[PDB]
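> Please find one structure pasted underneath; my questions will follow.
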Amino acid sequence: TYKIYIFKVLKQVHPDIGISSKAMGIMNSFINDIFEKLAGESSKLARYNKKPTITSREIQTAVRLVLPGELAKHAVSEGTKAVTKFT
Amino acid sequence: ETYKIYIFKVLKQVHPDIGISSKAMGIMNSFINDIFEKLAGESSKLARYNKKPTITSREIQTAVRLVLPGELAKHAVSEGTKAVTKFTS
Amino acid sequence: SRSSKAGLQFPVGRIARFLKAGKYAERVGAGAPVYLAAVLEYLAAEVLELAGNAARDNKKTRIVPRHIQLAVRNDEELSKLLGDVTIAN
Amino acid sequence: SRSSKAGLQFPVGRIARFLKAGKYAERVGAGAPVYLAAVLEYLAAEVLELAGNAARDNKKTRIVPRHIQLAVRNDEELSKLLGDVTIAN
Amino acid sequence: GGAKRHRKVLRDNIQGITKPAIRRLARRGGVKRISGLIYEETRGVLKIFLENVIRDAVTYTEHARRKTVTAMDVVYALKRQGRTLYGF
Amino acid sequence: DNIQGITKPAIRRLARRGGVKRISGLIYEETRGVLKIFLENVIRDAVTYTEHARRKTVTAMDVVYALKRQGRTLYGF
Amino acid sequence: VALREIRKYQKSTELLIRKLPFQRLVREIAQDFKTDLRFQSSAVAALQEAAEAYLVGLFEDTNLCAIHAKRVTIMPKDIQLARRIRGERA
Amino acid sequence: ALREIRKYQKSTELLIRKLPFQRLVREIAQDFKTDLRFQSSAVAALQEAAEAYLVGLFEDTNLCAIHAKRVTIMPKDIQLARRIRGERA
Amino acid sequence: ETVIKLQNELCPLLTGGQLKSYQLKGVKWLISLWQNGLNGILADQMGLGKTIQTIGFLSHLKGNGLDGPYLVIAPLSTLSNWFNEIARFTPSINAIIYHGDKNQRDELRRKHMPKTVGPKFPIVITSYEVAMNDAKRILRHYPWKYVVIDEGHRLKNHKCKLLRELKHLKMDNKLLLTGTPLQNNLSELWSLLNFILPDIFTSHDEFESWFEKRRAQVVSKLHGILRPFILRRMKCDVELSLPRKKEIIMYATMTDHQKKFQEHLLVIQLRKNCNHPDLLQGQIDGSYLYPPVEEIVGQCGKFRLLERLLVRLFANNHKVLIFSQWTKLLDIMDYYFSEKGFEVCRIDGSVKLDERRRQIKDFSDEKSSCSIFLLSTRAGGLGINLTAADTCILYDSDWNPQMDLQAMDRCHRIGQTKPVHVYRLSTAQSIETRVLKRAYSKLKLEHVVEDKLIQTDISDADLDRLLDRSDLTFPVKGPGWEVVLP
DNA sequence: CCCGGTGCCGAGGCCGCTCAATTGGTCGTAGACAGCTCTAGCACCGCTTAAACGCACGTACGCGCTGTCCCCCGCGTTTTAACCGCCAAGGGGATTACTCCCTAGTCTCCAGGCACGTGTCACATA
DNA sequence: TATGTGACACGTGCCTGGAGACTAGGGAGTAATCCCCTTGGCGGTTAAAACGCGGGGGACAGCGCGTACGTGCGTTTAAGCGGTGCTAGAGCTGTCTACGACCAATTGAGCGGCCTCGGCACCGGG
Ligand SMILES: Nc1ncnc2c1ncn2[C@@H]1O[C@H](COP(=O)(O)OP(=O)(O)O)[C@@H](O)[C@H]1O
Ligand code: BEF
């Protein structure tokens with residue numbers, strides 16, 4: 001589960017605000033739902049392009065497809081910065 | 001790469017005098033391909049949810065029961081059972 | 001061939017090749033293509049049956065794309081399967 | 001670790017394991033888990049930011065499931081993605 | 001009164017949804033005044049929806065060769081129908 | 001003025017096909033706005049699919065995939 | 001009185017429909033598809049929550065339709081119109 | 001009139017002209033990306049899909065206006081149709 | 001002689017019937033336990049009830065020293081009898097029944113229960129439900145010195161909410177009154193011992209580890225542990241005035257309809273087909289009309305042997321007590337009695353406490369002609385005194401043998417001059433044999449702390465011989481009937 | 001509206017145990033990249049002819065309500081079912097070891113239909 | 001009226017897949033256990049549902065009309081069918097080289113579990 005990571009990212013945005021146990025499970029299920037949707041879209045995108053290897057390009061396209069217009073523009077900006085920092 | 005001959009054969013079986021055009025043939029081929037892709041995707045998702053590597057006839061039967069609504073599902077599972085019985089016998 | 005043994009006009013080998021080439025799963029059972037060929041054959045036979053009846057009502061010997069659209073709309077079971085399906089003509 | 005190099009709080013190794021164990025593809029690139037964990041981190045921080053402001057309006061320190069449900073209805077982009085869901089309690 | 005004939009049978013399970021329940025459900029949506037046939041209409045709609053979801057859940061349970069229906073099957077059926085539940 | 005390319009008789013005939021007997025004045029602008037929104041969404045999706053494959057021009061397959069993900073299946077194209 | 005009762009049910013979140021009649025109805029409906037079935041409590045709870053959410057959405061759409069018709073009181077024709085426009089007519 | 005309704009319902013040709021629709025599609029696509037080309041089949045599919053969606057919306061708003069005891073449609077009818085459909089953005 | 005002398009020395013407030021020797025020992029043990037301060041459990045049998053000893057001990061405690069408030073928890077059908085007994089035997093002692101609605105309970109607390117500690121504090125006698133509901137609200141304020149919990153089988157499970165509510169309340173000393181001390185297990189026994197003695201027993205694993213020659217050593221070790229805590233006085237050991245008890249299990253053959261239903265046909269449905277399947281099949285079909293009582297007794301159930309026993313009891317001229325586990329079978333019996341014409345009186349959960357008291361008073365009255373008295377296994381099967389009826393019959397047998405023994409011994413009380421007769425009905429070649437074997441194993445466990453006979457059917461001569469009770473004032477295995485010996 | 005302590009009850013913090021990530025190292029199969037191949041999408045001048053636009057109008061219709069009258073709501077009774085409490089069993093969820101056969105591929109083989117020119121004929125134009 | 005036209009049935013060389021058989025090993029069917037949870041009903045109270053009333057808010061039927069939409073004709077602007085010509089860009093192929101996976105050890109991360117505490121309860125009033 002991502003319970004400790006949800007708690008850590010919450011303290012970064014809101015140090016004083018606390019989260020309930022039920023709210024932690026819902027946030028964990030919400031992250032797992034987004035993870036399955038992005039993984040499923042990247043797999044379907046790989047089959048359509050006849051590409052066996054998935055990369056950051058397919059994940060970026062799956063993000064721009066699932067997420068709305070305003071929400072995807074902010075996710076791609078952070079995703080591109082993470083790759084350049086990792087490489 | 002298409003089911004044109006088989007569509008024409010099943011049409012002549014169900015309607016001998018009626019002859020299908022080329023555009024309608026392509027539309028029927030696209031519809032068959034779409035149904036096949038939907039059933040295969042549903043079977044794959046069902047096998048992955050249960051952590052089963054092999055896709056058996058039960059997966060296809062459940063995908064048919066889930067996708068096809070109404071009497072279509074029952075008729076399709078009956079046809080599939082008859083076909084798999086004739087194949088195994 | 002397996003199609004003649006199972007009494008199905010649709011090709012069992014061609015569907016078996018598409019399931020493996022599509023990489024839908026690690027392994028595919030032998031009963032899956034014969035079961036899937038029967039469902040695809042029955043659905044294609046019912047669509048051409050209702051579409052052929054629409055052509056006979058309009059005194060048309062050849063099925064046109066307009067006849068296929070009238071068949072899926074008049075049938076409640078076929079409309080729920082296709083959902084929002086827009087034919088080319 | 002690899003997660004500390006990119007600066008992401010979410011585990012990049014756990015995401016890489018889920019992609020390989022989930023057999024979504026034969027080979028998973030090295031940049032895919034680092035990119036996927038960044039998208040999941042921003043979406044989680046965006047929901048908790050809106051849910052934290054909702055709890056602040058009700059003068060409640062603990063975020064309850066009722067506050068999370070109120071956050072997804074206010075934002076349009078969050079509702080476009082999370083419109084079909086129904087949060088319990 | 002010795003005979004006590006007629007089991008004094010309980011009402012139908014579809015009639016278990018009481019009028020105050022439908023009234024509260026309409027109030028939550030924002031309905032100010034409710035008519036008479038509204039109760040029967042919502043009973044029929046709820047019956048249809050429950051039939052669909054229960055059929056999907058029963059199919060999902062038959063796929064797993066299990067006798068008892070679990071919450072995961074209901075969640076999968078509802079996700080198939082276009083409404084996902086969180087927290088279950 | 002490309003949004004104004006959809007003329008009033010065109011919308012009138014489209015409403016006649018759907019079964020509308022009488023049409024108002026603001027219906028034209030409302031339908032133009034709705035059509036603009038729908039086309040914007042579909043074109044955004046198709047441009048995404050085209051940029052995925054690193055291609056300059058958009059093909060019919062991308063439009064078909066966009067319509068399929070939007071819930072509308074098109075056959076014959 | 002009517003306006004105050006809307007604010008109460010919208011603020012407080014609770015299971016409006018009783019659990020036992022809904023469970024009996026679910027079992028009766030499932031008896032038709034398959035016999036000798038058993039239900040988990042979490043499954044029945046999720047079913048009830050989803051049914052209540054769907055009914056609340058349908059009631060919201062019906063109220064919108066009634067307001068569009070310049071009528072405060074909802075009618076079965078409003079529910080039928082909402083069902084037909086939503087596309088779930090079955 | 002009623003005669004014009006039966007003529008357009010019987011015909012299947014594309015009511016919207018091709019050149020203005022193509023110009024509008026290109027103008028809309030110029031916003032998302034620059035220097036893009038379009039295939040004729042893609043433009044035809046876009047036109048067909050848009051025409052089908054507009055016909056569906058017109059049927060829905062006509063039904064809504066009939067429910068309101070008005071033969072003339074109003075923009076509020078289209079607003080209510082889009083609100084009930086959920087496609088409002 | 002000596003019993004009348006010690007009765008005045010032990011408790012002078014008691015004015016009425018002089019306590020006997022067993023009650024003398026009981027009150028002496030209770031006084032010694034109160035002096036030493038160790039809590040005890042009274043495991044006296046159904047006969048020779050310890051309620052008189054307990055109210056005598058309470059009156060003795062009220063006589064000298066402190067007059068603190070006392071709380072008594074007992075089933076609903078028992079609190080009325082307890083109040084009647086404490087008002088009859090012990091005079092000048094205030095007693096109130098704290099059972100009613102919310103406003104009724106509030107007004108009773110305001111009127112009869114002073115907020116501060118008063119000299120004349122009426123003894124409250126509440127039920128399980130009202131006590132569980134009011135332990136936190138109104139009972140938490142009143143400091144209760146001595147508490148008495150009758151029918152300790154209610155607190156058998158370790159996870160009862162009533163245990164939590166009682167733990168929420170502050171008790172100085174506790175008392176348990178159980179007809180049967182333990183069930184066919186050790187977990188509930190450990191739970192009872194922990195509730196009565198928190199410092200002695202702390203973990204169930206220790207008691208489980210503590211509990212041929214090896215099995216004889218472990219039972220003798222556990223016996224010496226609880227001996228000072230439990231007091232057991234058998235009926236036949238002390239009291240010799242009461243006649244002996246005979247428990248005869250009559251077996252009836254499966255009817256044609258029962259055999260057809262069993263062939264057509266999990267455990268609940270088998271038991272339904274076993275006992276009175278007529279109304280059950282009728283309700284499953286949906287027919288509003290009911291078949292005649294003659295058709296029922298001829299077609300389904302053991303109603304043939306039931307009517308044989310009924311006419312035998314009519315010839316013997318003695319009141320009979322029938323016990324049914326199911327309200328459906330109870331209503332079947334009531335409808336059969338109403339169709340036959342005999343007066344019927346049923347004590348059930350739907351019957352209120354006032355109607356229950358009225359019916360038991362009419363039954364104890366000798367002028368009443370209601371020989372057939374219906375009683376449930378859950379309610380009325382424990383805590384009520386019915387000495388006018390000598391013969392008792394059990395239509396069904398529950399899993400727990402303690403409840404069956406309680407229901408059978410309800411009529412077998414002190415002062416019943418007529419000999420008691422216990423009859424058990426169980427159809428052969430069914431799951432009834434299995435449930436009787438389970439109950440037999442359970443009673444064997446509680447005690448340690450043939451096939452052809454069950455196949456055959458009882459004849460008219462056997463019925464007459466079993467109705468003849470001259471031996472109480474017959475072989476161990478007879479055709480169609482077997483008698484069990486303790 | 002705040003009031004004293006109160007009573008929970010999930011949150012903080014710590015601990016130990018350990019199976020999940022990581023680095024050093026080979027590889028043989030997936031991919032980015034220079035070339036070309038032949039094909040389609042870019043714009044526009046020329047004619048024009050079906051299609052689009054605005055003024056006139058006159059008549060079906062959207063809107064406010066006037067009267068009605070009936071179909072809902074709220075409150076005093078009560079009366080009937082949920083529900084938490086609870087006894088006991090037993091079908092069935094969940095897991096491990098086992099052994100059994102079937103699904104993946106390689107050597108091969110012989111026929112299915114797919115690309116293309118052809119004789120003809122049911123409308124569908126005239 | 002009639003024709004000729006592209007749609008429809010056909011051999012034909014083929015040409016790339018199905019099937020005909022040995023295999024071998026890891027996924028699947030199956031005998032046994034346990035104890036988590038479920039089905040049924042009895043006991044009581046207690047808030048919740050329902051039956052009967054008066055009436056006042058509200059759904060609904062009809063009218064005069066005065067804003068706006070349907071219909072017809074001379075007309076003007078743009079859809080479109082054709083034609084040339086260039087070319088960025090789509091698409092297939094040998095490649096060779098940096099990038100993904102298993103495996104042995106590893107060593108520290110978080111899941112499993114224990115203990116105290118302190119934001120938020122509720123109290124019944126003024
Ligand atoms: N001391 C006594 N003297 C006479 N009769 C007594 C005495 N104590 C109890 N009884 C009789 O016993 C009954 C009340 O107690 P009982 O029901 O035996 O208690 P329990 O519930 O322990 O069985 C009445 O019939 C009463 O007459
Ligand atoms: F101890 Be009870 F009153 F039978």
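Each chain in the structure tokens gets a letter, A, B, ..., in the order shown, and its residues are numbered from 1; ligands are numbered from 1 in order too.
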Write as number ranges by chain the residues around ligand 2, taking 6 Å as the cut-off and counting only C-alpha atoms (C1' of nucleotides) and all ligand atoms.

I: 78, 151, 382-384

> Within 10 Å of ligand 1, which residues show up when you count only C-alpha atoms (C1' of nucleotides) and all ligand atoms? List them as a count of residues only, please.

50

> For the reference chain C, what are the coordinates of chain D after least-squares fitting (all Cα, in-order pairing), as a compact mmCIF listing (two decimals) with N, CA and C atoms, in the first residue's frame?


```txt
# COMPACT_ATOMS: atom_id res chain seq x y z
N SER D 1 -10.49 -30.80 -41.83
CA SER D 1 -9.73 -29.90 -40.97
C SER D 1 -10.39 -29.77 -39.60
N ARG D 2 -9.76 -29.00 -38.72
CA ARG D 2 -10.30 -28.79 -37.38
C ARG D 2 -11.62 -28.04 -37.42
N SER D 3 -11.79 -27.14 -38.40
CA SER D 3 -13.06 -26.43 -38.53
C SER D 3 -14.17 -27.34 -39.03
N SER D 4 -13.83 -28.32 -39.87
CA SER D 4 -14.85 -29.23 -40.38
C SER D 4 -15.32 -30.22 -39.32
N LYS D 5 -14.45 -30.54 -38.35
CA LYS D 5 -14.83 -31.48 -37.30
C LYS D 5 -15.91 -30.89 -36.40
N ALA D 6 -15.75 -29.62 -36.00
CA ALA D 6 -16.74 -28.99 -35.14
C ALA D 6 -17.99 -28.59 -35.92
N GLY D 7 -17.89 -28.47 -37.24
CA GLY D 7 -19.01 -28.06 -38.05
C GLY D 7 -19.20 -26.57 -38.18
N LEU D 8 -18.17 -25.78 -37.93
CA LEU D 8 -18.27 -24.32 -37.96
C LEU D 8 -17.75 -23.80 -39.29
N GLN D 9 -18.50 -22.86 -39.88
CA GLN D 9 -18.08 -22.28 -41.16
C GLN D 9 -16.91 -21.32 -40.98
N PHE D 10 -16.83 -20.65 -39.84
CA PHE D 10 -15.73 -19.73 -39.59
C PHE D 10 -14.43 -20.51 -39.37
N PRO D 11 -13.29 -19.93 -39.75
CA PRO D 11 -12.01 -20.65 -39.60
C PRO D 11 -11.57 -20.67 -38.14
N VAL D 12 -11.45 -21.87 -37.58
CA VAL D 12 -11.01 -22.01 -36.20
C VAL D 12 -9.50 -21.82 -36.11
N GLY D 13 -8.77 -22.11 -37.19
CA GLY D 13 -7.34 -21.90 -37.18
C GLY D 13 -6.95 -20.44 -37.27
N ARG D 14 -7.74 -19.64 -38.00
CA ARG D 14 -7.45 -18.21 -38.10
C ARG D 14 -7.73 -17.50 -36.78
N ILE D 15 -8.75 -17.94 -36.05
CA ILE D 15 -9.04 -17.36 -34.75
C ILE D 15 -7.95 -17.74 -33.75
N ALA D 16 -7.47 -18.98 -33.81
CA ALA D 16 -6.39 -19.41 -32.93
C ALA D 16 -5.12 -18.63 -33.20
N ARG D 17 -4.87 -18.28 -34.47
CA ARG D 17 -3.68 -17.51 -34.80
C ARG D 17 -3.80 -16.08 -34.29
N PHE D 18 -4.99 -15.48 -34.39
CA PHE D 18 -5.17 -14.11 -33.93
C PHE D 18 -5.04 -14.00 -32.41
N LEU D 19 -5.48 -15.03 -31.68
CA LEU D 19 -5.35 -15.00 -30.22
C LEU D 19 -3.90 -15.12 -29.80
N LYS D 20 -3.11 -15.93 -30.52
CA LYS D 20 -1.70 -16.09 -30.17
C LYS D 20 -0.88 -14.90 -30.66
N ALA D 21 -1.18 -14.39 -31.86
CA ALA D 21 -0.46 -13.23 -32.36
C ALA D 21 -0.81 -11.98 -31.58
N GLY D 22 -2.06 -11.86 -31.15
CA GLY D 22 -2.49 -10.73 -30.34
C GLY D 22 -1.97 -10.72 -28.92
N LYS D 23 -1.23 -11.76 -28.52
CA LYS D 23 -0.63 -11.91 -27.20
C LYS D 23 -1.54 -11.46 -26.06
N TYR D 24 -2.83 -11.81 -26.15
CA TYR D 24 -3.75 -11.50 -25.06
C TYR D 24 -3.40 -12.29 -23.80
N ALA D 25 -2.88 -13.51 -23.96
CA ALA D 25 -2.46 -14.33 -22.84
C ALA D 25 -1.22 -15.11 -23.24
N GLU D 26 -0.50 -15.61 -22.23
CA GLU D 26 0.71 -16.38 -22.50
C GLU D 26 0.39 -17.69 -23.20
N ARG D 27 -0.65 -18.39 -22.75
CA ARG D 27 -1.07 -19.66 -23.33
C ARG D 27 -2.56 -19.60 -23.64
N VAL D 28 -2.93 -20.03 -24.84
CA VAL D 28 -4.32 -20.05 -25.28
C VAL D 28 -4.78 -21.50 -25.34
N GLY D 29 -5.90 -21.79 -24.69
CA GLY D 29 -6.40 -23.15 -24.66
C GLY D 29 -6.89 -23.62 -26.01
N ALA D 30 -7.06 -24.94 -26.12
CA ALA D 30 -7.53 -25.53 -27.37
C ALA D 30 -9.02 -25.30 -27.58
N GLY D 31 -9.80 -25.25 -26.51
CA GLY D 31 -11.23 -25.03 -26.63
C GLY D 31 -11.65 -23.59 -26.80
N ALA D 32 -10.71 -22.64 -26.65
CA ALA D 32 -11.07 -21.23 -26.79
C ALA D 32 -11.37 -20.84 -28.23
N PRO D 33 -10.55 -21.20 -29.23
CA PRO D 33 -10.89 -20.79 -30.60
C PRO D 33 -12.17 -21.43 -31.12
N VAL D 34 -12.41 -22.70 -30.79
CA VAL D 34 -13.63 -23.36 -31.24
C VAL D 34 -14.85 -22.73 -30.58
N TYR D 35 -14.72 -22.31 -29.32
CA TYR D 35 -15.83 -21.66 -28.64
C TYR D 35 -16.04 -20.24 -29.15
N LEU D 36 -14.94 -19.53 -29.43
CA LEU D 36 -15.06 -18.14 -29.88
C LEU D 36 -15.60 -18.05 -31.29
N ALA D 37 -15.26 -19.01 -32.16
CA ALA D 37 -15.77 -18.98 -33.52
C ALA D 37 -17.26 -19.29 -33.58
N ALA D 38 -17.77 -20.04 -32.60
CA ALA D 38 -19.20 -20.33 -32.58
C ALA D 38 -20.01 -19.11 -32.18
N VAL D 39 -19.48 -18.29 -31.26
CA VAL D 39 -20.16 -17.07 -30.87
C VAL D 39 -20.15 -16.06 -32.01
N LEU D 40 -19.03 -15.95 -32.72
CA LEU D 40 -18.95 -15.03 -33.84
C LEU D 40 -19.83 -15.48 -35.01
N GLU D 41 -20.04 -16.79 -35.15
CA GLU D 41 -20.88 -17.28 -36.23
C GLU D 41 -22.36 -16.98 -35.97
N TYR D 42 -22.80 -17.12 -34.72
CA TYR D 42 -24.20 -16.86 -34.40
C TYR D 42 -24.52 -15.38 -34.48
N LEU D 43 -23.62 -14.52 -34.00
CA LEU D 43 -23.86 -13.09 -34.05
C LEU D 43 -23.87 -12.58 -35.48
N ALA D 44 -22.99 -13.12 -36.33
CA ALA D 44 -23.00 -12.73 -37.74
C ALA D 44 -24.26 -13.22 -38.44
N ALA D 45 -24.72 -14.43 -38.11
CA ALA D 45 -25.94 -14.94 -38.71
C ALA D 45 -27.17 -14.22 -38.19
N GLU D 46 -27.12 -13.71 -36.96
CA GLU D 46 -28.27 -13.00 -36.41
C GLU D 46 -28.43 -11.63 -37.06
N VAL D 47 -27.33 -10.92 -37.29
CA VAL D 47 -27.41 -9.61 -37.92
C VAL D 47 -27.83 -9.74 -39.38
N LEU D 48 -27.26 -10.72 -40.10
CA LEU D 48 -27.63 -10.92 -41.50
C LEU D 48 -29.07 -11.38 -41.64
N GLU D 49 -29.61 -12.07 -40.64
CA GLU D 49 -31.01 -12.47 -40.68
C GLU D 49 -31.93 -11.27 -40.55
N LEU D 50 -31.62 -10.37 -39.62
CA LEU D 50 -32.43 -9.16 -39.46
C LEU D 50 -32.22 -8.20 -40.62
N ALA D 51 -30.98 -8.10 -41.11
CA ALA D 51 -30.72 -7.24 -42.26
C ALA D 51 -31.34 -7.80 -43.53
N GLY D 52 -31.41 -9.12 -43.65
CA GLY D 52 -32.06 -9.72 -44.81
C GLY D 52 -33.56 -9.48 -44.82
N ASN D 53 -34.19 -9.50 -43.65
CA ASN D 53 -35.61 -9.21 -43.57
C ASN D 53 -35.90 -7.74 -43.85
N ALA D 54 -34.98 -6.85 -43.47
CA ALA D 54 -35.15 -5.43 -43.78
C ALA D 54 -35.05 -5.17 -45.27
N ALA D 55 -34.11 -5.84 -45.95
CA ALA D 55 -34.01 -5.71 -47.40
C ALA D 55 -35.20 -6.33 -48.10
N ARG D 56 -35.78 -7.38 -47.51
CA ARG D 56 -36.95 -8.01 -48.11
C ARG D 56 -38.18 -7.10 -48.04
N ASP D 57 -38.28 -6.29 -46.98
CA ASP D 57 -39.41 -5.38 -46.87
C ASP D 57 -39.34 -4.27 -47.91
N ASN D 58 -38.13 -3.76 -48.18
CA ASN D 58 -37.94 -2.72 -49.19
C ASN D 58 -37.87 -3.27 -50.60
N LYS D 59 -38.07 -4.58 -50.78
CA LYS D 59 -38.06 -5.22 -52.10
C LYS D 59 -36.72 -5.00 -52.81
N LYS D 60 -35.63 -5.12 -52.06
CA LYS D 60 -34.28 -4.97 -52.59
C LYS D 60 -33.51 -6.25 -52.33
N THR D 61 -32.96 -6.84 -53.40
CA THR D 61 -32.22 -8.09 -53.25
C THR D 61 -30.87 -7.86 -52.56
N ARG D 62 -30.18 -6.78 -52.92
CA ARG D 62 -28.87 -6.50 -52.34
C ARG D 62 -29.03 -5.79 -51.00
N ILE D 63 -28.32 -6.28 -49.99
CA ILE D 63 -28.32 -5.65 -48.68
C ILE D 63 -27.39 -4.45 -48.69
N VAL D 64 -27.93 -3.28 -48.40
CA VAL D 64 -27.16 -2.04 -48.42
C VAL D 64 -26.85 -1.64 -46.98
N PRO D 65 -25.87 -0.76 -46.73
CA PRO D 65 -25.61 -0.32 -45.35
C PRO D 65 -26.82 0.31 -44.68
N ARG D 66 -27.76 0.86 -45.45
CA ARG D 66 -28.97 1.41 -44.85
C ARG D 66 -29.83 0.32 -44.23
N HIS D 67 -29.84 -0.87 -44.83
CA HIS D 67 -30.62 -1.97 -44.29
C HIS D 67 -30.01 -2.51 -43.00
N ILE D 68 -28.67 -2.53 -42.92
CA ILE D 68 -28.01 -3.00 -41.71
C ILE D 68 -28.27 -2.03 -40.56
N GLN D 69 -28.32 -0.73 -40.85
CA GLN D 69 -28.60 0.25 -39.81
C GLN D 69 -30.03 0.13 -39.29
N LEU D 70 -30.97 -0.27 -40.15
CA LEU D 70 -32.35 -0.43 -39.70
C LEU D 70 -32.54 -1.69 -38.88
N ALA D 71 -31.67 -2.69 -39.06
CA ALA D 71 -31.83 -3.94 -38.33
C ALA D 71 -31.38 -3.81 -36.88
N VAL D 72 -30.36 -2.98 -36.63
CA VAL D 72 -29.84 -2.85 -35.27
C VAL D 72 -30.74 -1.98 -34.40
N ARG D 73 -31.62 -1.17 -35.00
CA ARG D 73 -32.50 -0.33 -34.20
C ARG D 73 -33.75 -1.08 -33.76
N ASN D 74 -34.19 -2.05 -34.55
CA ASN D 74 -35.43 -2.77 -34.24
C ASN D 74 -35.24 -3.69 -33.05
N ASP D 75 -34.28 -4.60 -33.12
CA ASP D 75 -34.05 -5.55 -32.05
C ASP D 75 -33.50 -4.84 -30.82
N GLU D 76 -34.06 -5.17 -29.65
CA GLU D 76 -33.60 -4.53 -28.42
C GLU D 76 -32.23 -5.03 -28.00
N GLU D 77 -32.03 -6.35 -28.03
CA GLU D 77 -30.74 -6.92 -27.62
C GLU D 77 -29.63 -6.50 -28.57
N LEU D 78 -29.93 -6.41 -29.87
CA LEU D 78 -28.93 -5.95 -30.83
C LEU D 78 -28.61 -4.47 -30.63
N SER D 79 -29.60 -3.68 -30.20
CA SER D 79 -29.34 -2.26 -29.95
C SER D 79 -28.61 -2.05 -28.62
N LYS D 80 -28.85 -2.92 -27.64
CA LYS D 80 -28.13 -2.81 -26.37
C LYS D 80 -26.64 -3.04 -26.57
N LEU D 81 -26.27 -3.94 -27.49
CA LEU D 81 -24.87 -4.19 -27.78
C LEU D 81 -24.31 -3.22 -28.81
N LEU D 82 -25.14 -2.79 -29.76
CA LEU D 82 -24.65 -1.98 -30.87
C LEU D 82 -25.30 -0.61 -30.87
N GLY D 83 -25.46 -0.01 -29.68
CA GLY D 83 -26.12 1.28 -29.59
C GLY D 83 -25.20 2.46 -29.81
N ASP D 84 -23.92 2.33 -29.45
CA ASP D 84 -22.98 3.44 -29.58
C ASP D 84 -22.45 3.59 -31.00
N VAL D 85 -22.61 2.58 -31.84
CA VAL D 85 -22.04 2.61 -33.19
C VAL D 85 -22.86 3.53 -34.08
N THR D 86 -22.26 3.94 -35.20
CA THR D 86 -22.93 4.73 -36.23
C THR D 86 -22.52 4.19 -37.59
N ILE D 87 -23.47 3.61 -38.31
CA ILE D 87 -23.20 2.99 -39.60
C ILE D 87 -23.18 4.07 -40.67
N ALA D 88 -22.12 4.10 -41.47
CA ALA D 88 -22.00 5.07 -42.53
C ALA D 88 -23.00 4.77 -43.65
N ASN D 89 -23.54 5.83 -44.24
CA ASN D 89 -24.52 5.73 -45.32
C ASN D 89 -25.72 4.88 -44.92
```

> Produce a table with one row for each residue of chain K that has an atom at most 9 Å from any atom of chain C, each row naming the nearest atom pair and its distance in Å at one decimal; use only C-alpha atoms (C1' of nucleotides); arrange rows by chain and rising residue number; format as JSON lines.


```
{"residue": "K:17", "atom": "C1'", "partner": "C:14", "partner_atom": "CA", "distance": 8.5}
{"residue": "K:18", "atom": "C1'", "partner": "C:13", "partner_atom": "CA", "distance": 6.8}
{"residue": "K:19", "atom": "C1'", "partner": "C:1", "partner_atom": "CA", "distance": 7.1}
```

> Report as a tab-separated table the residues of chain E within 6 Å of chain D, each with its shortest atom pair and distance in Å (one decimal), using only C-alpha atoms, ordered by chain and increasing residue number.


```
residue	atom	partner	partner_atom	distance
E:83	CA	D:84	CA	4.9
E:84	CA	D:85	CA	4.6
E:85	CA	D:86	CA	5.1
E:86	CA	D:87	CA	5.3
```

> Counting only C-alpha atoms (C1' of nucleotides), what is within 12 Å of residue K:77, bar same-chain residues fewer than 4 positions away, as a ChimeraX atom specification?

/J:49-53

> Which residues are close to residue A:45, i.e. within 8 Å by only C-alpha atoms (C1' of nucleotides), leaving aside same-chain residues fewer than 4 positions away? Reply as a PyMOL selection string.

chain A and resi 41+49+58+62
